[PDB]
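Structure first, then comments.
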Amino acid sequence: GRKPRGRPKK
DNA sequence: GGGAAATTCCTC
DNA sequence: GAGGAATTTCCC
């Protein structure tokens, strides 16, 4: 479950 | 269509 | 172990 680098979704 | 903000990943 | 750097998304 590795999530990439980015701003959370709305 | 461009600019600004948040979280996450890697190094020493 | 703690800190710095990189990438992605939303609004007007």
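Each chain of the structure tokens is named A, B, ... in the order shown, its residues numbered from 1; ligands are numbered from 1 in display order.
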
Skipping near chain neighbours, those fewer than 4 positions away, what residues fall within 10 Å of residue C:9 using only C-alpha atoms (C1' of nucleotides), listed as a PDB file with C-alpha atoms (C1' of nucleotides), in the first residue's frame?
ATOM      1  CA  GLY A   6       0.989  14.187  -4.156  1.00  0.00           C
ATOM      2  CA  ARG A   7      -1.730  16.307  -2.484  1.00  0.00           C
ATOM      3  CA  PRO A   8      -4.669  14.321  -0.948  1.00  0.00           C
ATOM      4  CA  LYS A   9      -7.832  14.088  -3.094  1.00  0.00           C
ATOM      5  CA  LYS A  10     -10.940  16.175  -2.282  1.00  0.00           C
TER       6      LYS A  10
ATOM      7  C1'  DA B   5      -0.224  24.250  -1.070  1.00  0.00           C
ATOM      8  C1'  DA B   6      -0.030  19.523   1.211  1.00  0.00           C
TER       9       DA B   6
END

Using only C-alpha atoms (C1' of nucleotides), I'd like a table of the residues in chain C that come within 8 Å of chain A; for each, show the closest atom pair and its distance in Å rounded to one decimal, ordered by chain and ascending number, as JSON lines.
{"residue": "C:6", "atom": "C1'", "partner": "A:5", "partner_atom": "CA", "distance": 7.7}
{"residue": "C:7", "atom": "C1'", "partner": "A:5", "partner_atom": "CA", "distance": 5.0}
{"residue": "C:8", "atom": "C1'", "partner": "A:6", "partner_atom": "CA", "distance": 3.6}
{"residue": "C:9", "atom": "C1'", "partner": "A:7", "partner_atom": "CA", "distance": 5.3}

Surrounding residues of residue B:10 excluding itself and chain neighbours under 6 positions, 12 Å, only C-alpha atoms (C1' of nucleotides), as JSON, numbers by chain: {"C": [3, 4, 5, 6]}

Chain B contacts to chain A at 8 Å (only C-alpha atoms (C1' of nucleotides)) as a PyMOL selection string: chain B and resi 6-9

Create the file for the chosen residues now, containing N, CA and C atoms (P, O5', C5', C4', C3', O3' and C1' of nucleotides) and written as an mmCIF file, in the first residue's frame.
data_model
loop_
_atom_site.group_PDB
_atom_site.id
_atom_site.type_symbol
_atom_site.label_atom_id
_atom_site.label_comp_id
_atom_site.auth_asym_id
_atom_site.auth_seq_id
_atom_site.Cartn_x
_atom_site.Cartn_y
_atom_site.Cartn_z
ATOM 1 P P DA B 6 -1.076 24.308 3.163
ATOM 2 O "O5'" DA B 6 -1.004 22.726 2.866
ATOM 3 C "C5'" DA B 6 -2.180 22.017 2.457
ATOM 4 C "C4'" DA B 6 -1.886 20.540 2.204
ATOM 5 C "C3'" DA B 6 -1.108 19.854 3.330
ATOM 6 O "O3'" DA B 6 -1.807 18.682 3.752
ATOM 7 C "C1'" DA B 6 -0.030 19.523 1.211
ATOM 8 P P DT B 7 -1.321 17.848 5.045
ATOM 9 O "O5'" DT B 7 -0.557 16.596 4.381
ATOM 10 C "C5'" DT B 7 -1.247 15.748 3.458
ATOM 11 C "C4'" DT B 7 -0.290 14.825 2.707
ATOM 12 C "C3'" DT B 7 0.519 13.881 3.600
ATOM 13 O "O3'" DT B 7 0.202 12.533 3.256
ATOM 14 C "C1'" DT B 7 1.919 14.992 1.993
ATOM 15 P P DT B 8 0.823 11.288 4.070
ATOM 16 O "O5'" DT B 8 2.016 10.812 3.099
ATOM 17 C "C5'" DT B 8 1.817 10.766 1.683
ATOM 18 C "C4'" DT B 8 3.150 10.703 0.936
ATOM 19 C "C3'" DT B 8 4.100 9.614 1.447
ATOM 20 O "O3'" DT B 8 4.372 8.677 0.398
ATOM 21 C "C1'" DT B 8 5.219 11.731 1.217
ATOM 22 P P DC B 9 5.208 7.339 0.721
ATOM 23 O "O5'" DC B 9 6.714 7.727 0.297
ATOM 24 C "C5'" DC B 9 7.055 7.915 -1.079
ATOM 25 C "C4'" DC B 9 8.518 8.316 -1.257
ATOM 26 C "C3'" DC B 9 9.535 7.277 -0.778
ATOM 27 O "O3'" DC B 9 10.444 6.984 -1.851
ATOM 28 C "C1'" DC B 9 9.948 9.409 0.254
#
